[PDB]
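Peer 1: So here's coords-v8.pdb (PDB, C-alpha atoms).
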```
ATOM      1  CA  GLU A 353     142.029-155.092-158.159  1.00  0.00           C
ATOM      2  CA  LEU A 354     143.704-153.429-161.143  1.00  0.00           C
ATOM      3  CA  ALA A 355     143.292-155.598-164.244  1.00  0.00           C
ATOM      4  CA  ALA A 356     144.599-155.067-167.756  1.00  0.00           C
ATOM      5  CA  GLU A 357     141.870-154.053-170.172  1.00  0.00           C
ATOM      6  CA  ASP A 358     140.912-156.875-172.500  1.00  0.00           C
ATOM      7  CA  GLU A 359     141.935-156.560-176.133  1.00  0.00           C
ATOM      8  CA  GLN A 360     138.294-156.247-177.193  1.00  0.00           C
ATOM      9  CA  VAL A 361     137.326-153.616-174.608  1.00  0.00           C
ATOM     10  CA  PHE A 362     140.502-151.577-175.111  1.00  0.00           C
ATOM     11  CA  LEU A 363     139.956-151.675-178.871  1.00  0.00           C
ATOM     12  CA  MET A 364     136.297-150.665-178.509  1.00  0.00           C
ATOM     13  CA  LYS A 365     137.608-147.693-176.526  1.00  0.00           C
ATOM     14  CA  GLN A 366     140.084-146.935-179.323  1.00  0.00           C
ATOM     15  CA  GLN A 367     137.250-147.284-181.852  1.00  0.00           C
ATOM     16  CA  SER A 368     135.246-144.735-179.880  1.00  0.00           C
ATOM     17  CA  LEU A 369     138.256-142.406-179.880  1.00  0.00           C
ATOM     18  CA  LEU A 370     138.950-142.766-183.614  1.00  0.00           C
ATOM     19  CA  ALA A 371     135.306-142.492-184.693  1.00  0.00           C
ATOM     20  CA  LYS A 372     134.676-139.185-182.910  1.00  0.00           C
ATOM     21  CA  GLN A 373     137.802-137.644-184.483  1.00  0.00           C
TER
ATOM     22  CA  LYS B 692     161.860-158.592-226.412  1.00  0.00           C
ATOM     23  CA  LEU B 693     164.418-158.033-223.611  1.00  0.00           C
ATOM     24  CA  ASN B 694     163.860-154.246-223.303  1.00  0.00           C
ATOM     25  CA  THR B 695     162.817-153.386-219.707  1.00  0.00           C
ATOM     26  CA  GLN B 696     161.691-149.761-220.244  1.00  0.00           C
ATOM     27  CA  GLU B 697     158.046-150.896-219.970  1.00  0.00           C
ATOM     28  CA  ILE B 698     158.724-152.473-216.546  1.00  0.00           C
ATOM     29  CA  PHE B 699     160.214-149.239-215.168  1.00  0.00           C
ATOM     30  CA  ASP B 700     157.389-147.132-216.640  1.00  0.00           C
ATOM     31  CA  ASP B 701     154.724-149.475-215.215  1.00  0.00           C
ATOM     32  CA  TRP B 702     156.353-149.542-211.755  1.00  0.00           C
ATOM     33  CA  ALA B 703     156.696-145.734-211.665  1.00  0.00           C
ATOM     34  CA  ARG B 704     153.066-145.341-212.793  1.00  0.00           C
ATOM     35  CA  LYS B 705     151.838-147.815-210.141  1.00  0.00           C
ATOM     36  CA  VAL B 706     153.771-146.134-207.305  1.00  0.00           C
ATOM     37  CA  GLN B 707     152.653-142.654-208.430  1.00  0.00           C
ATOM     38  CA  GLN B 708     149.025-143.864-208.622  1.00  0.00           C
ATOM     39  CA  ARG B 709     149.320-145.309-205.098  1.00  0.00           C
ATOM     40  CA  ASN B 710     150.529-141.869-203.895  1.00  0.00           C
ATOM     41  CA  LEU B 711     152.078-143.357-200.756  1.00  0.00           C
ATOM     42  CA  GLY B 712     152.579-140.862-197.924  1.00  0.00           C
ATOM     43  CA  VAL B 713     153.828-141.402-194.361  1.00  0.00           C
ATOM     44  CA  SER B 714     152.425-138.098-192.980  1.00  0.00           C
ATOM     45  CA  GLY B 715     149.816-138.639-190.260  1.00  0.00           C
ATOM     46  CA  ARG B 716     149.443-139.693-186.635  1.00  0.00           C
ATOM     47  CA  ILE B 717     152.174-142.201-185.728  1.00  0.00           C
ATOM     48  CA  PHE B 718     149.617-144.635-184.232  1.00  0.00           C
ATOM     49  CA  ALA B 719     145.977-145.312-185.075  1.00  0.00           C
ATOM     50  CA  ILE B 720     143.121-147.245-183.420  1.00  0.00           C
ATOM     51  CA  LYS B 734     144.329-153.428-182.120  1.00  0.00           C
ATOM     52  CA  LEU B 735     147.190-150.923-181.947  1.00  0.00           C
ATOM     53  CA  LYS B 736     148.976-150.267-185.210  1.00  0.00           C
ATOM     54  CA  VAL B 737     151.844-148.103-186.433  1.00  0.00           C
ATOM     55  CA  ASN B 738     150.935-146.253-189.663  1.00  0.00           C
ATOM     56  CA  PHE B 739     154.037-147.522-191.416  1.00  0.00           C
ATOM     57  CA  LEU B 740     153.488-150.540-193.612  1.00  0.00           C
ATOM     58  CA  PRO B 741     156.426-152.727-194.675  1.00  0.00           C
ATOM     59  CA  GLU B 742     155.833-151.695-198.336  1.00  0.00           C
ATOM     60  CA  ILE B 743     157.166-148.141-197.768  1.00  0.00           C
ATOM     61  CA  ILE B 744     160.599-149.693-197.126  1.00  0.00           C
ATOM     62  CA  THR B 745     160.605-151.644-200.407  1.00  0.00           C
ATOM     63  CA  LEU B 746     159.976-148.546-202.553  1.00  0.00           C
ATOM     64  CA  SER B 747     163.211-147.019-201.177  1.00  0.00           C
ATOM     65  CA  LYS B 748     165.098-150.154-202.274  1.00  0.00           C
ATOM     66  CA  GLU B 749     163.156-150.093-205.573  1.00  0.00           C
ATOM     67  CA  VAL B 750     164.789-146.684-206.110  1.00  0.00           C
ATOM     68  CA  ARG B 751     168.232-147.677-204.771  1.00  0.00           C
ATOM     69  CA  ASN B 752     168.802-150.418-207.357  1.00  0.00           C
ATOM     70  CA  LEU B 753     167.052-148.505-210.164  1.00  0.00           C
ATOM     71  CA  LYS B 754     169.434-145.542-209.817  1.00  0.00           C
ATOM     72  CA  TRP B 755     172.282-148.023-210.376  1.00  0.00           C
ATOM     73  CA  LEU B 756     170.404-149.349-213.444  1.00  0.00           C
ATOM     74  CA  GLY B 757     170.324-145.781-214.852  1.00  0.00           C
ATOM     75  CA  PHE B 758     166.545-145.308-214.975  1.00  0.00           C
ATOM     76  CA  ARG B 759     165.691-141.663-214.197  1.00  0.00           C
ATOM     77  CA  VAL B 760     163.407-142.114-211.168  1.00  0.00           C
ATOM     78  CA  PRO B 761     160.945-139.212-210.634  1.00  0.00           C
ATOM     79  CA  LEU B 762     161.762-136.473-208.103  1.00  0.00           C
ATOM     80  CA  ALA B 763     158.587-137.098-206.052  1.00  0.00           C
ATOM     81  CA  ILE B 764     159.468-140.817-205.830  1.00  0.00           C
ATOM     82  CA  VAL B 765     162.961-139.790-204.653  1.00  0.00           C
ATOM     83  CA  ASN B 766     161.445-137.569-201.927  1.00  0.00           C
ATOM     84  CA  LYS B 767     159.135-140.399-200.796  1.00  0.00           C
ATOM     85  CA  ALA B 768     162.147-142.751-200.623  1.00  0.00           C
ATOM     86  CA  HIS B 769     163.962-140.079-198.563  1.00  0.00           C
ATOM     87  CA  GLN B 770     161.101-139.866-195.993  1.00  0.00           C
ATOM     88  CA  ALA B 771     160.861-143.675-195.898  1.00  0.00           C
ATOM     89  CA  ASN B 772     164.610-144.012-195.242  1.00  0.00           C
ATOM     90  CA  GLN B 773     164.519-141.408-192.431  1.00  0.00           C
ATOM     91  CA  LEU B 774     161.413-142.798-190.675  1.00  0.00           C
ATOM     92  CA  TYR B 775     162.098-146.558-191.119  1.00  0.00           C
ATOM     93  CA  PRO B 776     164.309-147.115-188.000  1.00  0.00           C
ATOM     94  CA  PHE B 777     161.858-145.074-185.885  1.00  0.00           C
ATOM     95  CA  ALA B 778     158.962-147.116-187.307  1.00  0.00           C
ATOM     96  CA  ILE B 779     160.832-150.374-186.542  1.00  0.00           C
ATOM     97  CA  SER B 780     161.396-149.252-182.941  1.00  0.00           C
ATOM     98  CA  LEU B 781     157.717-148.265-182.605  1.00  0.00           C
ATOM     99  CA  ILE B 782     156.301-151.434-184.224  1.00  0.00           C
ATOM    100  CA  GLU B 783     158.711-153.616-182.166  1.00  0.00           C
ATOM    101  CA  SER B 784     157.480-151.854-179.011  1.00  0.00           C
ATOM    102  CA  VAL B 785     153.813-152.301-180.003  1.00  0.00           C
ATOM    103  CA  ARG B 786     154.338-155.970-180.947  1.00  0.00           C
ATOM    104  CA  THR B 787     156.193-156.663-177.685  1.00  0.00           C
ATOM    105  CA  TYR B 788     153.423-154.939-175.710  1.00  0.00           C
ATOM    106  CA  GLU B 789     150.709-156.907-177.592  1.00  0.00           C
ATOM    107  CA  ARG B 790     152.360-160.330-177.127  1.00  0.00           C
ATOM    108  CA  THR B 791     153.208-159.654-173.461  1.00  0.00           C
ATOM    109  CA  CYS B 792     149.629-158.414-172.869  1.00  0.00           C
ATOM    110  CA  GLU B 793     148.314-161.646-174.432  1.00  0.00           C
ATOM    111  CA  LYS B 794     150.637-163.662-172.160  1.00  0.00           C
ATOM    112  CA  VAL B 795     149.449-161.737-169.073  1.00  0.00           C
ATOM    113  CA  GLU B 796     145.762-162.102-170.026  1.00  0.00           C
ATOM    114  CA  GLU B 797     146.199-165.862-170.606  1.00  0.00           C
ATOM    115  CA  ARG B 798     147.550-166.130-167.001  1.00  0.00           C
ATOM    116  CA  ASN B 799     145.214-164.051-164.810  1.00  0.00           C
ATOM    117  CA  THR B 800     147.144-164.892-161.606  1.00  0.00           C
ATOM    118  CA  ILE B 801     150.055-162.519-162.384  1.00  0.00           C
ATOM    119  CA  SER B 802     147.883-159.575-163.521  1.00  0.00           C
ATOM    120  CA  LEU B 803     148.126-157.768-160.169  1.00  0.00           C
ATOM    121  CA  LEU B 804     151.947-157.826-159.967  1.00  0.00           C
ATOM    122  CA  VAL B 805     152.425-156.442-163.517  1.00  0.00           C
ATOM    123  CA  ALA B 806     149.847-153.646-163.075  1.00  0.00           C
ATOM    124  CA  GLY B 807     152.499-150.906-162.769  1.00  0.00           C
ATOM    125  CA  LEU B 808     154.265-151.710-166.061  1.00  0.00           C
ATOM    126  CA  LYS B 809     150.903-151.984-167.856  1.00  0.00           C
ATOM    127  CA  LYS B 810     149.692-148.566-166.672  1.00  0.00           C
ATOM    128  CA  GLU B 811     153.118-147.037-167.442  1.00  0.00           C
ATOM    129  CA  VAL B 812     153.157-148.247-171.072  1.00  0.00           C
ATOM    130  CA  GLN B 813     149.489-147.284-171.529  1.00  0.00           C
ATOM    131  CA  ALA B 814     150.290-143.774-170.222  1.00  0.00           C
ATOM    132  CA  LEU B 815     153.221-143.463-172.665  1.00  0.00           C
ATOM    133  CA  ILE B 816     150.964-144.560-175.554  1.00  0.00           C
ATOM    134  CA  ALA B 817     148.325-142.018-174.435  1.00  0.00           C
ATOM    135  CA  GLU B 818     151.016-139.307-174.460  1.00  0.00           C
ATOM    136  CA  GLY B 819     152.100-140.387-177.961  1.00  0.00           C
ATOM    137  CA  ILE B 820     148.636-140.397-179.590  1.00  0.00           C
ATOM    138  CA  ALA B 821     148.915-136.601-180.090  1.00  0.00           C
ATOM    139  CA  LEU B 822     152.275-136.945-181.907  1.00  0.00           C
ATOM    140  CA  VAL B 823     152.873-136.915-185.688  1.00  0.00           C
ATOM    141  CA  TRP B 824     155.705-138.343-187.857  1.00  0.00           C
ATOM    142  CA  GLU B 825     156.737-134.681-188.388  1.00  0.00           C
ATOM    143  CA  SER B 826     157.051-134.064-184.603  1.00  0.00           C
ATOM    144  CA  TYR B 827     160.640-133.524-183.350  1.00  0.00           C
ATOM    145  CA  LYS B 828     159.459-135.101-180.027  1.00  0.00           C
ATOM    146  CA  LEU B 829     158.687-138.410-181.859  1.00  0.00           C
ATOM    147  CA  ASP B 830     162.397-139.482-181.615  1.00  0.00           C
ATOM    148  CA  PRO B 831     162.616-138.733-177.799  1.00  0.00           C
ATOM    149  CA  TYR B 832     159.314-140.650-177.325  1.00  0.00           C
ATOM    150  CA  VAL B 833     160.970-143.656-179.082  1.00  0.00           C
ATOM    151  CA  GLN B 834     163.708-143.320-176.423  1.00  0.00           C
ATOM    152  CA  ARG B 835     161.082-143.082-173.667  1.00  0.00           C
ATOM    153  CA  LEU B 836     158.948-146.064-174.743  1.00  0.00           C
ATOM    154  CA  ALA B 837     161.939-148.411-175.171  1.00  0.00           C
ATOM    155  CA  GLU B 838     163.148-147.944-171.584  1.00  0.00           C
ATOM    156  CA  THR B 839     159.707-148.493-170.021  1.00  0.00           C
ATOM    157  CA  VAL B 840     158.962-151.514-172.228  1.00  0.00           C
ATOM    158  CA  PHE B 841     162.459-152.843-171.494  1.00  0.00           C
ATOM    159  CA  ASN B 842     161.791-152.649-167.727  1.00  0.00           C
ATOM    160  CA  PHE B 843     158.354-154.262-168.192  1.00  0.00           C
ATOM    161  CA  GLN B 844     159.890-157.271-169.990  1.00  0.00           C
ATOM    162  CA  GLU B 845     162.563-157.852-167.326  1.00  0.00           C
ATOM    163  CA  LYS B 846     160.248-157.688-164.292  1.00  0.00           C
ATOM    164  CA  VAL B 847     157.716-159.958-166.016  1.00  0.00           C
ATOM    165  CA  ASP B 848     160.513-162.467-166.721  1.00  0.00           C
ATOM    166  CA  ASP B 849     161.551-162.384-163.042  1.00  0.00           C
ATOM    167  CA  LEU B 850     157.991-163.057-161.805  1.00  0.00           C
ATOM    168  CA  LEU B 851     157.487-166.045-164.135  1.00  0.00           C
ATOM    169  CA  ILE B 852     160.574-167.729-162.643  1.00  0.00           C
ATOM    170  CA  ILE B 853     159.499-166.884-159.067  1.00  0.00           C
ATOM    171  CA  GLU B 854     155.787-167.632-159.552  1.00  0.00           C
ATOM    172  CA  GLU B 855     156.426-171.116-160.991  1.00  0.00           C
ATOM    173  CA  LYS B 856     158.635-171.906-157.973  1.00  0.00           C
ATOM    174  CA  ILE B 857     155.817-170.783-155.638  1.00  0.00           C
ATOM    175  CA  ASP B 858     153.349-172.828-157.717  1.00  0.00           C
ATOM    176  CA  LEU B 859     155.562-175.923-157.380  1.00  0.00           C
ATOM    177  CA  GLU B 860     156.096-175.305-153.645  1.00  0.00           C
ATOM    178  CA  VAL B 861     152.350-174.940-152.911  1.00  0.00           C
ATOM    179  CA  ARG B 862     151.767-178.022-155.107  1.00  0.00           C
ATOM    180  CA  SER B 863     154.317-179.813-152.874  1.00  0.00           C
ATOM    181  CA  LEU B 864     152.111-179.277-149.782  1.00  0.00           C
ATOM    182  CA  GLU B 865     149.295-181.674-150.772  1.00  0.00           C
ATOM    183  CA  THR B 866     151.728-184.564-151.436  1.00  0.00           C
ATOM    184  CA  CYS B 867     154.464-183.807-148.871  1.00  0.00           C
ATOM    185  CA  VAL B 868     154.909-185.925-145.729  1.00  0.00           C
ATOM    186  CA  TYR B 869     152.601-185.135-142.792  1.00  0.00           C
ATOM    187  CA  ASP B 870     155.174-183.753-140.341  1.00  0.00           C
ATOM    188  CA  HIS B 871     155.700-180.189-139.072  1.00  0.00           C
ATOM    189  CA  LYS B 872     159.306-179.972-140.324  1.00  0.00           C
TER
END
```
What does the file become when written as structure tokens?
Peer 2:
Amino acid sequence: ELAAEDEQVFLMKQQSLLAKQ
Amino acid sequence: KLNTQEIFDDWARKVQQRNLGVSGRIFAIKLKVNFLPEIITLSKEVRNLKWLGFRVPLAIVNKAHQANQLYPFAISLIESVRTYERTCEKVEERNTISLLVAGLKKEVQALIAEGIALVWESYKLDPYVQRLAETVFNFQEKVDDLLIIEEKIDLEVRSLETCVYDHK
């Protein structure tokens, strides 16, 4: 079952990406 | 009292102090495009002022030039991001149709992942704008088709509980 990432979880992922940069 | 030299000096000082610059990664992480609406207005704030005869500074003129060049690209990018955000909210609010729209979602996410490495100075930024529009355009159409079809199936299944008890 492929499900779109929630806004919160996708944005926590993007936060993790931005913070490490 | 009517002299407006002070207004022009104050506006030029404020914009110079802000030191607005568009250079940077085209997106940042909610998804955002690093292109605020204000960068458009400064270009217009120069366009009228040149008619009024005020000698606008050269750096302000260069910033207006970059704003004018990157504004249509920024509109295409922010329109794509806004369309993706609203459509994603619509899909999340209706969990039934998540499975059917999985392909468009992964396609647009892959295009965004490709574009994270880009910069406003990249020549490939303009071809990416071409790429994202087509994929987002397809995603909107197929989603629209499913909503029409899915409601019909929802009505038809709803018909079964209340329909007459005969095989035909």
Peer 1: If you count only C-alpha atoms, which residues fall within 12 Å of range 833-849 of chain B, apart from same-chain ones fewer than 3 positions away, as a PyMOL selection string?
Peer 2: chain B and resi 717+774+776-792+794-795+798+801-819+822+824+826-830+852-856
Peer 1: Residues picked by the PyMOL selection byres ((chain A) within 8 of (chain B)) here, as a PyMOL selection string?
Peer 2: chain A and resi 353-356+358-359+363+366-367+369-370
Peer 1: Between CA of residue 761 in chain B and CA of residue 701 in chain B, what is the distance, to one decimal in Å?
Peer 2: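 CA of residue 701 in chain B lies 12.8 Å from CA of residue 761 in chain B.
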Peer 1: Tell me, in Å to one decimal, how far CA of residue 857 in chain B is from CA of residue 357 in chain A.
Peer 2: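 Those two atoms sit 26.2 Å apart.
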Peer 1: May I ask for the distance between CA of residue 709 in chain B and CA of residue 746 in chain B, given in Å to one decimal place?
Peer 2: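 Between these atoms lies a distance of 11.4 Å.
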Peer 1: Find the nearest atom pair between each residue of range 744-846 of chain B and range 697-700 of chain B for residues within 10 Å, count all atoms listed in the file, give distances in Å to one decimal, sort rows by chain and ascending number, and present the table as a Markdown table.
Peer 2:
```
| residue | atom | partner | partner_atom | distance |
| --- | --- | --- | --- | --- |
| B:753 | CA | B:699 | CA | 8.5 |
| B:758 | CA | B:699 | CA | 7.5 |
| B:759 | CA | B:699 | CA | 9.4 |
| B:760 | CA | B:699 | CA | 8.8 |
```
Peer 1: Taking the file as shown, find all residues satisfying the PyMOL selection byres ((chain B and resi 764-773) around 9) and write them as a list in words.
Peer 2: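 With the PyMOL selection byres ((chain B and resi 764-773) around 9) on this model, the match is residues 703, 706, 707, 711, 712, 713, 743, 744, 746, 747, 748, 749, 750, 751, 760, 761, 762, 763, 774, 775, 776 and 777 of chain B.
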Peer 1: Of the candidates B:859, B:821, B:868, B:850, which one gets nearest to residue 715 in chain B if we count all atoms listed in the file?
Peer 2: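 Counting all atoms listed in the file, the residue closest to residue 715 in chain B is B:821.
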Peer 1: Can you pull range 353-372 of chain A out of that block with N, CA, C and O atoms and hand it back as a PDB file, in the first residue's frame?
Peer 2:
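Heads up, here's the output in result-v7.pdb:
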```
ATOM      1  N   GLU A 353       0.842  -1.188   0.000  1.00  0.00           N
ATOM      2  CA  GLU A 353       0.000   0.000   0.000  1.00  0.00           C
ATOM      3  C   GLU A 353       0.879   1.241   0.000  1.00  0.00           C
ATOM      4  O   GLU A 353       1.426   1.611   1.042  1.00  0.00           O
ATOM      5  N   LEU A 354       1.014   1.892  -1.149  1.00  0.00           N
ATOM      6  CA  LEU A 354       1.768   3.134  -1.236  1.00  0.00           C
ATOM      7  C   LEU A 354       0.844   4.267  -0.813  1.00  0.00           C
ATOM      8  O   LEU A 354      -0.283   4.366  -1.304  1.00  0.00           O
ATOM      9  N   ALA A 355       1.301   5.078   0.135  1.00  0.00           N
ATOM     10  CA  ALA A 355       0.525   6.175   0.687  1.00  0.00           C
ATOM     11  C   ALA A 355       1.367   7.440   0.672  1.00  0.00           C
ATOM     12  O   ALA A 355       2.563   7.402   0.982  1.00  0.00           O
ATOM     13  N   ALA A 356       0.743   8.552   0.301  1.00  0.00           N
ATOM     14  CA  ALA A 356       1.445   9.825   0.294  1.00  0.00           C
ATOM     15  C   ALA A 356       1.897  10.181   1.703  1.00  0.00           C
ATOM     16  O   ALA A 356       1.146  10.032   2.675  1.00  0.00           O
ATOM     17  N   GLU A 357       3.139  10.642   1.813  1.00  0.00           N
ATOM     18  CA  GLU A 357       3.658  11.064   3.102  1.00  0.00           C
ATOM     19  C   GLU A 357       2.833  12.230   3.621  1.00  0.00           C
ATOM     20  O   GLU A 357       2.484  13.145   2.870  1.00  0.00           O
ATOM     21  N   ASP A 358       2.505  12.188   4.909  1.00  0.00           N
ATOM     22  CA  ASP A 358       1.778  13.285   5.518  1.00  0.00           C
ATOM     23  C   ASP A 358       2.595  14.567   5.420  1.00  0.00           C
ATOM     24  O   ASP A 358       3.811  14.542   5.211  1.00  0.00           O
ATOM     25  N   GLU A 359       1.903  15.699   5.533  1.00  0.00           N
ATOM     26  CA  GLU A 359       2.598  16.982   5.486  1.00  0.00           C
ATOM     27  C   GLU A 359       3.601  17.086   6.624  1.00  0.00           C
ATOM     28  O   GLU A 359       4.744  17.521   6.417  1.00  0.00           O
ATOM     29  N   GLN A 360       3.212  16.647   7.818  1.00  0.00           N
ATOM     30  CA  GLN A 360       4.099  16.741   8.974  1.00  0.00           C
ATOM     31  C   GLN A 360       5.320  15.840   8.806  1.00  0.00           C
ATOM     32  O   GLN A 360       6.445  16.270   9.055  1.00  0.00           O
ATOM     33  N   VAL A 361       5.122  14.590   8.383  1.00  0.00           N
ATOM     34  CA  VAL A 361       6.258  13.672   8.293  1.00  0.00           C
ATOM     35  C   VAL A 361       7.183  14.072   7.148  1.00  0.00           C
ATOM     36  O   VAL A 361       8.414  14.038   7.286  1.00  0.00           O
ATOM     37  N   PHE A 362       6.611  14.477   6.012  1.00  0.00           N
ATOM     38  CA  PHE A 362       7.432  14.928   4.896  1.00  0.00           C
ATOM     39  C   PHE A 362       8.227  16.167   5.282  1.00  0.00           C
ATOM     40  O   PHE A 362       9.401  16.304   4.921  1.00  0.00           O
ATOM     41  N   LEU A 363       7.610  17.069   6.048  1.00  0.00           N
ATOM     42  CA  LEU A 363       8.312  18.282   6.453  1.00  0.00           C
ATOM     43  C   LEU A 363       9.324  18.024   7.567  1.00  0.00           C
ATOM     44  O   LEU A 363      10.316  18.745   7.658  1.00  0.00           O
ATOM     45  N   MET A 364       9.104  17.022   8.416  1.00  0.00           N
ATOM     46  CA  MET A 364      10.160  16.616   9.343  1.00  0.00           C
ATOM     47  C   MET A 364      11.347  16.035   8.582  1.00  0.00           C
ATOM     48  O   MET A 364      12.506  16.279   8.940  1.00  0.00           O
ATOM     49  N   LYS A 365      11.078  15.275   7.519  1.00  0.00           N
ATOM     50  CA  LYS A 365      12.161  14.816   6.653  1.00  0.00           C
ATOM     51  C   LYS A 365      12.908  15.990   6.022  1.00  0.00           C
ATOM     52  O   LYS A 365      14.147  16.007   5.984  1.00  0.00           O
ATOM     53  N   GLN A 366      12.173  16.984   5.522  1.00  0.00           N
ATOM     54  CA  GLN A 366      12.824  18.151   4.931  1.00  0.00           C
ATOM     55  C   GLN A 366      13.590  18.951   5.981  1.00  0.00           C
ATOM     56  O   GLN A 366      14.641  19.528   5.682  1.00  0.00           O
ATOM     57  N   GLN A 367      13.072  19.012   7.209  1.00  0.00           N
ATOM     58  CA  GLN A 367      13.811  19.633   8.305  1.00  0.00           C
ATOM     59  C   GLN A 367      15.123  18.909   8.553  1.00  0.00           C
ATOM     60  O   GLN A 367      16.162  19.543   8.756  1.00  0.00           O
ATOM     61  N   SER A 368      15.083  17.577   8.568  1.00  0.00           N
ATOM     62  CA  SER A 368      16.305  16.809   8.757  1.00  0.00           C
ATOM     63  C   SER A 368      17.296  17.083   7.634  1.00  0.00           C
ATOM     64  O   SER A 368      18.505  17.179   7.871  1.00  0.00           O
ATOM     65  N   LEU A 369      16.797  17.211   6.401  1.00  0.00           N
ATOM     66  CA  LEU A 369      17.684  17.503   5.279  1.00  0.00           C
ATOM     67  C   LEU A 369      18.300  18.892   5.401  1.00  0.00           C
ATOM     68  O   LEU A 369      19.511  19.062   5.216  1.00  0.00           O
ATOM     69  N   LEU A 370      17.483  19.901   5.703  1.00  0.00           N
ATOM     70  CA  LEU A 370      17.981  21.272   5.790  1.00  0.00           C
ATOM     71  C   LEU A 370      18.950  21.441   6.950  1.00  0.00           C
ATOM     72  O   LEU A 370      19.971  22.125   6.818  1.00  0.00           O
ATOM     73  N   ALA A 371      18.644  20.837   8.101  1.00  0.00           N
ATOM     74  CA  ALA A 371      19.451  21.053   9.298  1.00  0.00           C
ATOM     75  C   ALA A 371      20.871  20.527   9.118  1.00  0.00           C
ATOM     76  O   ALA A 371      21.840  21.183   9.512  1.00  0.00           O
ATOM     77  N   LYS A 372      21.012  19.342   8.525  1.00  0.00           N
ATOM     78  CA  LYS A 372      22.330  18.761   8.314  1.00  0.00           C
ATOM     79  C   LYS A 372      23.174  19.557   7.327  1.00  0.00           C
ATOM     80  O   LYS A 372      24.405  19.484   7.396  1.00  0.00           O
TER      81      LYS A 372
END
```
